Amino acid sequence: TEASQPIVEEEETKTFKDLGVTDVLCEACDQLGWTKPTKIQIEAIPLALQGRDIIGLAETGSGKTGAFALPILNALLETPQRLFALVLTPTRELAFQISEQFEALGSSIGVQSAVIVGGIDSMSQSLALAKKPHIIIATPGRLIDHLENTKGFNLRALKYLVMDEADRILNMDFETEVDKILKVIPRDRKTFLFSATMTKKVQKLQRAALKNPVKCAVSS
């Protein structure tokens, strides 16, 4: 069930290409100054590219965003589709930070993202959703506001779900909102869940939201 932790020689030598990342995305990494993959990237990317669900035990600073963004963008290039991936976050700040990385990696290949968070007028958000972005990065309550109230908005097309900082999502009282979202997305999708630790509450969510996941743990 557990991913192979990278050892010192592998940290020193692995490339993004070695992980299976397509050439145009290897170039985007270089352009960002991502010249070596992090350990969570080395663990999760090949498994995700093979189509495995992922549970990542990792925190900011580990490179967890690239560990899910790169496989999502790789698949998007293979099979372009709007409303392709949803990333859920506990906070609006993390949503903007994740969008910065998707835009940095994907803007030049034409990938469109939309951030859907509190503190922003709903009419700009409804327009952004009508424009059918490839990626939506949202906090759970604001996403449900749009699922309930924004005409024509739904997640039936989704191929990827990410729950980033899932321990914090649950600790911030979004259990019901997450459960509601899980009811109105497709079962046939790829899913990532990242958390700083495994707890009973996180294990309940992973058993509800992931299929045969590989556990990828790092300390840095």
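Numbers for residues come from their place in the sequence shown, where the first is 1.
Novice: As stated in the PDB record, which stretch has the larger average Cα B-factor, 199-207 or 19-27?
Specialist: Per the PDB entry, the higher value belongs to 19-27.
Novice: Using only C-alpha atoms and the B-factors in the entry, which stretch averages higher, 32-40 or 62-70?
Specialist: Averaged over C-alpha atoms, the B-factors run higher in 32-40.
Novice: Which of these, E78, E148, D121, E93, has its C-alpha atom at the highest B-factor, as the entry lists it?
Specialist: Going by the entry's C-alpha B-factors, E78 comes out highest.
Novice: Going by the deposited entry, which of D179, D53, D164, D188 has the highest CA temperature factor?
Specialist: Reading the PDB entry, the winner on C-alpha B-factor is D188.
Novice: Quick one: classify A48 as lowest, middle or highest third of the chain based on its Cα B-factor.
Specialist: Tercile = middle for this residue's CA B-factor.
Novice: When the deposited Cα B-factors of this chain's modelled residues are ordered and cut into thirds, is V117 in the lowest, the middle or the highest one?
Specialist: Its C-alpha B-factor, which the entry lists for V117, ranks in the lowest third among residues of this chain.
Novice: Of the three thirds of its chain by CA temperature factor, lowest, middle or highest, which one includes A128?
Specialist: Lowest third of the chain for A128's C-alpha B-factor.
Novice: Within this chain, which third does the Cα B-factor at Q97 fall in: lowest, middle or highest?
Specialist: Middle third of the chain for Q97's C-alpha B-factor.
Novice: Taking the entry's C-alpha B-factors for this chain, is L158 in the lowest, middle or highest third?
Specialist: It belongs to the middle third of the chain when residues are ordered by C-alpha B-factor.
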